[PDB]
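Two separate entries follow, structure 1 and structure 2, each one form of the same protein chain as structure tokens.
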Structure 1
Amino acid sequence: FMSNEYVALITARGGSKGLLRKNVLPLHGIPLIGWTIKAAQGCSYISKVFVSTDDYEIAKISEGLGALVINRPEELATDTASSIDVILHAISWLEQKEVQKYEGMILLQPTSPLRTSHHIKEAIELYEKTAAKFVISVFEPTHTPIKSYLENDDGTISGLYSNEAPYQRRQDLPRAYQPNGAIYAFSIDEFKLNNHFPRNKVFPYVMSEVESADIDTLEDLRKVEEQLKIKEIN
């Protein structure tokens, strides 16, 4: 169908495998998660923004900004909790609590603050243009994996893709992509058919390595702060 509706889902847990409270850390005057909430809200194609959280501060920040809160069960906020299970829970919550029927879900990670409304807009346009079942934001690494080698038992090496691939121009080879975790745009119906992410009609939404920045440490956060400060003062 030509006319489709989209819902944004932001998954942010309180706990972490590190000694960092990532999702609420200040970045250029606002909590980290705020950059992703605002990117979703700023996009014309997004009807509603939902934040799935178990945390009081994340929920408070989210509601304050105008996003809707999906109260996530304890089991789904553990270090062992599966990405699929959180999505299925959010799909279930939406089907029971939200009257609007959505074709696609735009899953967005709070750890990708350089992914903007413009990136979401473009990813949804690609999703529609290609008749995709799943659009994932990716980047082309500086050292492309299509030009890599694998080690043989005798200690020699051979091209992973082909024998001539490591010596060929990157432009003359199929492109190899690395997902950056910023955007996962998928058909809600196709996700709950296999109860997992679609395996077919998967298209890449290409972003630069610079815009692919993922927050894991205070250094990652410091680097992005400087980048935003540099764009501010020029």
Structure 2
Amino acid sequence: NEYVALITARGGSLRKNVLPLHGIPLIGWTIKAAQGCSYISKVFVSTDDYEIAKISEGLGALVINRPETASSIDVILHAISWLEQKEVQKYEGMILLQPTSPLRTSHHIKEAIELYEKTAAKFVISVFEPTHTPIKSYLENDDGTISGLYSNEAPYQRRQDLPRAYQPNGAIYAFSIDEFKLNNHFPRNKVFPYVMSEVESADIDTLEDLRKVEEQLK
């Protein structure tokens, strides 16, 4: 089994992917995390921006030049098409890695591929259990009323007595290139969770997010 790492990074309009973090641009961490994992064969950055592509090429990553608020699937399908045409080796699985998740390491990627193999999953998605579990939330009805999202008794039943609810952190998406091509979407069946902490689930959007992560890092 051969895996390819795909890192999707666009340009500014906040140019977050190139923001410095402990002396390496944000995207650098995710390229290095991918490159440092023994299961990853090649690392590709789909970018529409010169600075992202030059940084990427500087760290030994291969640039997928992307054309012109585009769909995320249309980016993966383009990447799959580019890989089919420009690469000799057939890749089994794609490891989609968001450049704004610097706290997701090579170990996380390793453990997520190990689970994708062990469970023989169609899809592995990196998740976290929120502090306020969605399993005890309420859903707004058409009349304006509210009732339990899981069941009517759920907001009142304790956490232990209810099934685990997860939120995606967007750090890792491990899937089969062949299945994705068939559907033109992510697998809706045999989807398994790779559970990470709420701490490790940091998604840099603002400079306060970046500052918290600069501090966190020690």
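Numbering runs along the sequence of structure 1, starting at 1. Whichever C-alpha set is largest while still superposing within 1.5 Å between the two forms counts as the rigid core.
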Might you check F139, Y161, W93, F134 and identify the only one whose CA position changes by 2 Å or more between structure 1 and structure 2 on rigid-core superposition? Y161
When the two forms are laid on each other by their rigid core, does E151 show a Cα shift of 2 Å or more between structure 1 and structure 2? yes
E209: after superposing the rigid core, is there a C-alpha shift of 2 Å or more between structure 1 and structure 2? no
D172: Cα shift of 2 Å or greater between structure 1 and structure 2 (core-aligned): yes
Please report, in Å, how much the Cα atom of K121 moves between structure 1 and structure 2 when the rigid core is superposed. 0.2
